[PDB]
Structures are given as structure tokens and as C-alpha cells.
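Chains as they are written, first to last, in the deposited numbering: chain A, 1 to 295; chain B, 1 to 295; chain C, 1 to 295; chain D, 1 to 295.
Don't be surprised by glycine CBs; every beta carbon is placed ideally from N, CA and C.
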Ligand SMILES: Nc1c([N+](=O)[O-])[nH]c(=O)[nH]c1=O
Ligand SMILES: Nc1c([N+](=O)[O-])[nH]c(=O)[nH]c1=O
Ligand SMILES: Nc1c([N+](=O)[O-])[nH]c(=O)[nH]c1=O
Ligand SMILES: Nc1c([N+](=O)[O-])[nH]c(=O)[nH]c1=O
């Protein structure tokens, strides 16, 4: 037997950083969870019990805190690129670093209509993520994403004209509830190294904002023919607005809300045009995915 | 042996209801999770296998949907009082109904600065809850609450002057991070029945809003001497603003963020006035509770 | 306003302890999660920012580790009584301590049919818990429990003869699946203090074992008329087997498995006596409770 | 823009099946959660709102129940291969089916030392999984795995001789606790189709059992030089015992248990050879992976 692939590192490293404006007194906080896995000439740690090739996972944890102390942590695309580059430059035998960052929301509170200088609220569990792969001699590959964005529309979703055969019981509909948790990922053109990532810094936050805005507006305004059709419209728009993106991937559950027939009870009407009370279904759920690129 | 206490019913009943304004086209959605447990002359179902005294839990589930079809579901204090009253009036041998409702957020989306007629977003996992106990001959007891409100302030929290003995290692501090998940409950004066609950309907939403506003403002503005001292200030204010409340209870975890000493690494300064990067601690956590009433 | 009730302390304190037999080389591990809340003359910490009355929650955490170092951690009824007693004896102004312990399973591995000296497996997420309330001048109250014991029987459960009215759709049945997660609590006679708890030490593990055995055998062997009837039989037996128990409480969900009518597809028969494939339902669920005491 | 990749289907489909032995009265239950995603000539559902190419996800759900009614559900490698093959044979324009199955434990109860005919217990949350990819013209690829197997050894784990530099604070050790949750996957040689999968049916359960046995014995008996070294020994053995496996992949967290220095308290000794009480750490954790194949 032989080692075909190997990677190791530290997961679930929680990090908080505060910035304090000396002039204005305003403070800004960032909180993230970081995972770093390394690859390289490490096979002998597995095959021969040779620990000499191992950067201890505890040391990887220390390096994450030190790097956050000495560099900006925003945008996460930049921080992840700095952190990954560190490992391949510092250790001759480490040839790839894989960095995943999940950013948690701490939104400034408004008190009496004015933004508070040092108080924050977690408004929803929506995340902004990055995956950064730094590979010696092959540059920096970055996938940015948003996830945990949960939405619902109460009308203006349809689903009819699908294949009907002996396995089919679903009725066609021209008016249904559509609810989903959005997972959207945009993959950047390969960057040659840290200098090139730095040169595009302003585009990272702007593209995240665009992706979010397009997602919400398209969902709200599309008279949806299917989850498939609506998600493709989202992806098209994002690609049109940022040339440095190569592909956009969406993964959307269809979280079902079922009509409840109450006609057995005193002829109560609660289906079709009379539907008011529905039963949200925890499982099963539809799952629809697509990756859109340039023609 | 004898049955000393018994209650039974249906838990985790998910319910969604939509309201459609015929004039304006605007739709509004409500989504809740409901639990109903009954008590009464039911001991023989346990001791003698006499199912004749049992309202099947499946029927309780049906009753929740039927009741939501025929009545307003907001404010939840009213819906819970209607639902509980139904069981004690309908069934001669049922003498108490216990109704718990958890309301989930579906906040109207703003698209292009304008509120959308039928699209919603889940903004955070904060809940608004009620517990309603309807007891034959003893009226209606309602406890309203908010929970899952997660906040953080980066300065203006202190903790010094506590008891020091041979079990104490904690250093006094004049500047720390304070973060918590707020659970706040206000208990209403007993109501004589449904007519009296209906007479106070406007107070329910207004008191929830007041409780939330007082919580957020006090947390943001108090130069906190301890979690104990800050939470008492919150409770005092709520009692002063609504005379029909008898007690206010707060339960607050103290979610710790620890300094990281980096001085071992090239003399890096990251403690006290130089602290920028911290380690959020998942566990353990402080837990502080208090119930405040009228003197 | 006035403080009506107050308690504070440390939650989610994870503790592991190893015992090493010097003679045999055999090692035994214990892992628990502990919560301790104190009450006493502490109202001024809330009302006047007087921290002098506060035993810091960090110190409570230290005390849990120190106590585990110096005393046996098993049975948990004893450890909880030692820990709670410590706080009321050490601090003049603390008058009650509330200790909750959750014990996690680490079961010795059998390798080649022989018990291994120092290797363990987590066999299921079933827990053994205690709640110990130590109150100055009122002795020690202990509630012991098991929870997270998940079972299923595929036949020999019935449910017929329940109340039928205009809210009822459920069909009577003489053969259904019964599945539940068992939560069972036995409350001990009040103990005068630590000496009396020590005098009964052997009864704690034996009573836990009896409670578990009775639960499993009764569930397996009863041709169940309802969840109500089966759970009462369990409670009766436990009370008969241990005189120092005052009450037994059971809380059982009824986790539904629904038949799937497949007759629409080529007349496939999958209901009643032909039922083979079922749909487990995540929610809603029945919830049945009872507390049984001595006549 | 163009569709580069697309797949869609149903997730979280819970299924239970019972087998009833007519002769002996013995019943056996199986419970699983199934996910099926399809690929094929479906791009126009995304680009042109052409639902004619869509097999509704509701129909996929129906097909899972029908297939479970008409075929054995064990071993899961076989059931997954039957289910995936169905979709590519039935629908001309569907060219790949991806089937994931998670099997939940229902272990027969022993009552009075004898196996009960129809009562079961969930012994731990360990799962047995399969991923089956059925691709038109390219056969059937199966990855089998076990996951959620949580173990701990209290001694006979070491970690010394790793790289030490200016980022390193970790002390070398010759005696530590090692605890992990095991995720192990074995990938089978490609099968030409269903006939070939059927021909190897007995090997599936036997190989799962071997993988589990090797994992547990190696963990218990290895005087571990590192997680890397121990996991490689596991993988080597599995490959040696089953020739139809091409690769074995392990993913193991290192769940840390930290010493607690109590010397500040009356000189209490609780470190090194005196360590008895430890603090389990919820996060961060090491994460070690490797894929082993044939030389
Ligand atoms: N860093 C590592 C540790 N460790 O404790 O840091 N232990 C291992 O077995 N392997 C590692 O890579
Ligand atoms: N409603 C009840 C059911 N049931 O199925 O509805 N089963 C029981 O054992 N008990 C109940 O109360
Ligand atoms: N122990 C306590 C702390 N503390 O940090 O330990 N902080 C508080 O606000 N209150 C406490 O009781
Ligand atoms: N099966 C599908 C449904 N559906 O409801 O089954 N809805 C969609 O938008 N897309 C689907 O593929």
C-alpha cells in the first residue's frame, strides 16, 4: 500500500478581532471560524512514524492568531490568502494550504435612530464564507460564498408541465409557496499570488454585496416557473456584473409547505384559492443545484 | 401506587397562516410551533387502560389547525387563550390546558427601498413566545417572552470587587467584552377569562416591543458593573412601563471571550490595553438569573 | 421593585476523571457535564452593584475541578451532594446550591472477547443525570434520571377505544409501531445531610440499573393499550423495588411511523396486514407524562 | 452564460421497512435516510423554463418507497445500485443517478438473556453509509463508509519529535489521552452493472464488519506515535483483507483533553504523572486525513 493523498491541520478555530478608532471612539468587531489543512512532503509521518515533517496542529492554531494580530482580517478573501501563503513560504516541504473561513454577523446596533459606537447584534445566522487554496507554483484559487440566507414568498411561484408517468402523484399548480435556504458560491479567476489578490481587494466586498442583492431581488420579483429557472436567472446576472468571476454555483432546497384539507370538519374550505393555513414540512425536501459559467 | 400528576398532548406542531389583503394585494405570513398539553379526569387511562377518557393527540393536532383557520393567530397571547379555552369548554372532564407557542420571524423584504407585497426573510433566530395556562375556575395565566436575542458589546463592561479566597484565580477588570443570549419573560396579572384577555389585546404587542427596546438600550448604554446589575436595570424599567405585568424574569449566559497572550512570539503585545485578538469560548459559561416583582 | 428570586453560577463545565489501578493496570474513565447555581443573601449585587457578595462564576468552575480531584465522582448522587454541601458550608451568606450533572457513556471495549484495560467506546447518547438541591437547614433533595434511551417495537402496540367527536380523524388500530425516547426520573426521600447520603451509597447505582431494566423489559413485553398504560406499569414496578423512592416521573414522546398507501401504483398493497414500508415522521409528536407516587 | 453542471432530486427521505418471519414470528427492522440526485439532458429546465424534461422531485420520493417495497433494502450497496439503475433505465434523457443512504441502528434487545422477537434499541448514533453513482455507459461506483464511531483511550498515545520553531508552544509528550470520531470510507472497484453488484453481495456486510473490527482493534492496541501513524495501520489492514477495494480513506478529528494545573490551590498535584482530572475541549480540534491505495 501507498499514501495516495494526505492533508492535516486544525479545524473550528474561533477568532474575534476588534478595531478601535482612536479619533472617533468607534469600535468595529469581526468574528470568524477558521480551518487550515496542509499538504506536502509528509507521507513519512503516516508510514514511518516520522514526526519531524509535522508542523503540529497546535502550532497552526498559534499561527492563525498571530496572523490575525498582524494583518487585516477583512475582506476574508485577503486574510485567507495571507494565511495560506504564509505556510507554503515558511515551510519548504509544505506545498499546498487550504483555508476555510466562516464569518459570523455582528451588526452595529441603532439606539434612538443613531448607530452605537460599541454594541452589536447577531441578525440572523446567515454567513459569508471563503475557501482559499494556495498551491506552490499554481497561484491562489478563491471560492467566495453566502449561506444560511432563508427566504419565503407566499405567492408568485408555479410548477406545472413536468413529466407525468406511473410514478407521478403531484398535481400541477399555478400558485404555491416557495421557501429555501440560499447557498451561493462564486469562483474567481486564478490569481498569480498575493500581489494580484491585493490589487483586487475592493472587488471582494462589492461582489458579495452584488451577489446578495441579485439573489434577493430576483427571488422577490421572478414569477417563478421552477426553482431551476429562477436560480439560473440569479447566476446569469452575477456573471454579467463581475468579469473576474468564472462560475457561479447555487444549491437550493425546496422547503415544502403543504395544504391542509379541512373539509371533513363542517365543510371548512382551506384548499386552492381558499388555502390560509398550511403545514410546513421538515423533511423530505427537494434539492436543486446548478453551476453556470461563460459560453 | 397512585397517579399524582398527569398531562398529555401534542408537541412540535408547525403551523403557517397567510393573510391576503383583497384591496392592496399585500400578503402577511405567520409561522409558529405549538405545543398543547391537557390535564383532567384522565387517571384511568393510565391505571385501567380506559381509553374512553382520552382525546387522541391526533385530534389535538387537528384542533390546532381548525382553530388557526377560524381565528386570528396574532397576538400569540390571544391565540393561545382561545385555543386553551376551547379544550376546557368542549370537554367536561378536561380541567386545564397548557399552550406553548413559539413564533418564528418572517420579516417583509425591502426591494429597491420599498416593502415587497409577498416576500419575506428570516432575520435571525430570535423568537417571541407565550405560555398560556387555562385552568377551569382559575382564569388564564399568561407568560410572554423573547429568546435567542444574541448581543455583544466590545467595551464598557467591568467586573471587580468580587469575593476573593483560596478558590479564586480571576483577575479584576475595568474593561472587558460582554456577550449574552437574552431570555426575558414577563408574567401578566391573572385574567378572568377570554373576555378580559380580549379587552387588553393592544397591550400585548406594545409590551413585547417595550421589553425588546428596553433590553437593547440598557445593554448598549449601561457601563456595566456586572451582569447582575445590568439585568436588574432592565427589569425595573419594564415593570415601570406596564402596570398589568406582575414580574419580569431574565436568564442570561455570560459568553466568555478570553485574551490571548502572544508575548512568547517576538514579544507581541496582545493583552490589556493592547488586546485586539481574542478567543471566544464555547463552554463553560456563566449563567445569571433573577426575577423582579413589585415591592 | 424588589428581587423576588435570584440564582447564578456556572453552566456547561465539562469534566473528565481517570482512575488507574496500580495493581492490575486497568484504567476507568468518567466524563460529565456539570452546572452549579447558588442562592443566598446576594440581592445587593443586583440592586446596588455590590460585588462583595459574589463568589465569581470562574471560582465556582475552579471549585468543581478541585472537588473532583479530592473526591470520588461516582455515583453522581454522592458527588453532587458533596459539591453542593461545600458551597453552603464554606460561604455564610450562601444558603442553597443547585447541582445538575449529566454523565456521558464511556463503555469499556471488548477486543478479541476480552475487556481492554484502557480503551472505551461511546455506545449511544443515553445519559444518566442527577439534580441535587442542597438547602441550608432543609437537607438534600436528589432527583436521579435516565434520558435519551431510544427504543422501537414493530408490533404488540394497540390504540383503540378513545373519544371520537367532530375533531377526530384517527382510525382505531390493533397493531402499530411504538417508538419513544425515554426520560425517567426517580425522586429520593429527603436526606438530612451528607452522612445520610453516604449511608445509602450502594442504592444509587442499583436503583439506576433497576429503573433501566424495568423500563426495557416492560416496553418489550407489554401488549400496550396506550403509552399511558405502559408507562404506569413501569413506574409501579420501580416504586415496589426501592422503598427510599417517593415518586417516579416518566415523559415519553410518541414518535409516529405512518403507513404509505401505494395502491395508486399498479395496485401495490402496503397498508394494514400488508404494511412493510413506513414513513417515519419527524414532527409533530405525541407527548405523554405522568408522576406516580405512593397511595 | 451556459449551464456547466446541474443535478437535482430529493433529500432527507426517511424510510423504515419491516421483515416478518412467518415461521418463527421474528421481526427485523431497517431504517434509513435516502438522498437521490439526477443528471442528464435537463439544461432547458434552467434556461428556457421547459419543465417537460423534469421528473418531479415528489416522483423521485414515490420511487424510493416503491423500490423499497419491491426489493431487499439490505445490504445498502445493493439497494442503492438497484435504485440508481432504475432512473437511468427508465428515463432516456437521465444519464447519471447519485444515491446516498445513511443507515440508522436498530439493534435487537436482549431481555432476560434472550433476543426479543420484535423490540429494538438505538445503540449509539454510529452510522453505516453508502454513496452509489450510477453513470450510463460507465457502470456503478460504490463508496461504503462508517461514521460517528466515537472512541477514547486513556493512555498509550504519544506525540513527540515534531517540528519546533518560533510558532511552537506545544510540549512533547509520552503519555496522553487520544479521542476521535471515526469516519472511514472504502471505495470498491468499478462494477459493470447490476449483475456484477449482485454477484458480490456477501462481500458488502463482511467488509463493513472487517473495517469496523480493524478500526477498533488497531486503535485499542497501537502504542500510537501520532494520529497519522495509527490511521495508516488501519487502512493497510483493510486493503490486505479485501482485494475488491481500491482505496481506503480515513478522516479523524483529534478531540483534545487538557491537563488542569491545580498547584495554585494548596499545592495540589494534577499534572504529568499525577494528572487525574482533565478539561475536555469542545474546540478547536486537530483534523487528520489520508487516502491509502495499492502500490
Ligand atoms: N498536531 C498534531 C497533534 N497535536 O497534538 O498537535 N497530534 C497528532 O497526533 N498529530 C498532529 O499532527
Ligand atoms: N393520542 C394518543 C395516541 N395517538 O396515537 O394519538 N397514542 C397513545 O398511546 N396515546 C394517546 O393519547
Ligand atoms: N462570576 C461573574 C462574572 N465572571 O466573569 O465571573 N461576571 C459577572 O458579571 N457576574 C458574575 O457573577
Ligand atoms: N420537483 C420539483 C418541484 N416539486 O415541487 O416537485 N418543484 C421545482 O421547482 N422543481 C422540481 O424539480
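Contact check, residue i vs residue j, beta carbons under 8 Å
i              : j              : result
residue 153(B) : residue 118(A) : yes
residue 49(D)  : residue 295(A) : no
residue 194(B) : residue 98(B)  : no
residue 247(B) : residue 259(B) : no
residue 197(B) : residue 77(B)  : yes
residue 109(C) : residue 220(D) : yes
residue 204(A) : residue 144(A) : yes
residue 216(A) : residue 292(A) : no
residue 95(B)  : residue 40(B)  : yes
residue 101(C) : residue 84(C)  : no
residue 179(D) : residue 257(D) : yes
residue 264(D) : residue 173(B) : no
Length of the line joining the Cα atoms of residue i and residue j
i              : j              : result
residue 208(D) : residue 9(A)   : 28 Å
residue 47(A)  : residue 229(D) : 6 Å
residue 53(B)  : residue 28(B)  : 39 Å
residue 17(A)  : residue 30(A)  : 5 Å
residue 161(D) : residue 51(A)  : 5 Å
residue 286(C) : residue 255(C) : 7 Å
residue 191(D) : residue 283(D) : 41 Å
residue 275(D) : residue 177(D) : 11 Å
residue 149(C) : residue 122(D) : 8 Å
residue 175(D) : residue 25(C)  : 15 Å
residue 136(D) : residue 281(A) : 34 Å
residue 269(D) : residue 64(C)  : 16 Å
residue 71(A)  : residue 62(A)  : 14 Å
residue 232(A) : residue 290(A) : 8 Å
residue 157(C) : residue 147(C) : 22 Å
Secondary structure of residue i, DSSP reduced to three states
i              : result
residue 58(A)  : helix
residue 113(A) : coil
residue 31(C)  : strand
residue 26(D)  : coil
residue 267(D) : coil
residue 148(A) : strand
residue 164(D) : coil
residue 47(B)  : helix
residue 81(A)  : helix
residue 274(A) : helix
residue 42(D)  : coil
residue 179(B) : strand
residue 260(B) : coil
residue 97(D)  : strand
residue 244(B) : coil
residue 73(C)  : coil
residue 212(D) : helix
residue 200(B) : coil
Cβ distance (whole Å) where residue i is taken to contact residue j below 8 Å
i              : j              : result
residue 15(C)  : residue 68(C)  : 6 Å
residue 107(B) : residue 120(B) : 6 Å
residue 2(B)   : residue 42(B)  : Not confirmed; about 14 Å, so no contact.
For residue i, the residue or residues it bridges with in DSSP
i              : result
residue 249(C) : 185(C), 291(C)
residue 11(C)  : 285(B)
residue 173(A) : 159(A)
residue 20(C)  : 27(C)
residue 224(A) : 157(A)
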